[PDB]
Amino acid sequence: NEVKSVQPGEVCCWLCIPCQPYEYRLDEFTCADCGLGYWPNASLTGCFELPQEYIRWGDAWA
């Protein structure tokens with residue numbers, strides 16, 4: 001969950017740091033999701049963002 005390992009040396013206490021929410025975070029060392037793809041998450045299950053429009057007809061600013 002937004003945390004990925006860094007150190008490629010010792011296989012016992014590799015230095016692990018958090019990975020940014022707009023990253024890939026699928027492999028251990030990868031991160032770096034596709035540019036301008038799915039901002040929240042793009043490697044677990046279809047976490048595509050939504051273009052929230054002004055159409056609500058019940059919203060505060062509607």
# chains A, B, ... in the order shown; residues from 1 in each chain; ligands from 1
$ residues_around --residues "stretch 42-47 of chain A" --least-positions-apart "4" --cutoff "7 Å" --atoms "only C-alpha atoms" --output "ChimeraX atom specification"
/A:24-26,33,38
$ write_last_selection --atoms "C-alpha atoms" --output "PDB file, in the first residue's frame"
ATOM      1  CA  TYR A  24       2.431   2.216  -9.965  1.00  0.00           C
ATOM      2  CA  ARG A  25       3.360   0.311  -6.774  1.00  0.00           C
ATOM      3  CA  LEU A  26       2.933  -3.161  -8.289  1.00  0.00           C
ATOM      4  CA  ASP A  33       3.053   4.314 -13.327  1.00  0.00           C
ATOM      5  CA  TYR A  38      -4.802   6.580 -13.552  1.00  0.00           C
TER       6      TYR A  38
END
$ select_by_dssp --residues "chain A" --states "strand (DSSP E)" --output "list in words"
residues 3, 4, 5, 16, 17 and 18 of chain A
$ write_last_selection --atoms "N, CA and C atoms" --output "CSV table (one decimal), in the first residue's frame"
chain,number,residue,atom,x,y,z
A,3,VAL,N,3.9,1.7,-0.5
A,3,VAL,CA,5.2,1.5,0.1
A,3,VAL,C,6.0,0.5,-0.7
A,4,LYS,N,7.2,0.8,-1.2
A,4,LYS,CA,8.0,0.0,-2.0
A,4,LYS,C,9.4,-0.1,-1.5
A,5,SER,N,10.1,-1.2,-1.7
A,5,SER,CA,11.5,-1.4,-1.2
A,5,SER,C,12.4,-0.7,-2.2
A,16,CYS,N,13.1,0.0,3.0
A,16,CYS,CA,11.9,0.2,2.3
A,16,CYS,C,11.3,1.6,2.7
A,17,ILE,N,10.9,2.3,1.6
A,17,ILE,CA,10.3,3.6,1.8
A,17,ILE,C,9.0,3.7,1.2
A,18,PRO,N,8.1,4.6,1.6
A,18,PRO,CA,6.8,4.8,1.0
A,18,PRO,C,6.9,5.3,-0.4
$ closest_residue --among "A:1, A:62, A:30, A:37" --to "residue A:50" --atoms "only C-alpha atoms"
A:37
$ atom_distance --atom1 "atom CA of residue A:51" --atom2 "atom CA of residue A:35"
17.2 Å
$ atom_distance --atom1 "atom CA of residue A:41" --atom2 "atom CA of residue A:10"
29.4 Å
$ atom_distance --atom1 "atom CA of residue A:31" --atom2 "atom CA of residue A:19"
7.0 Å
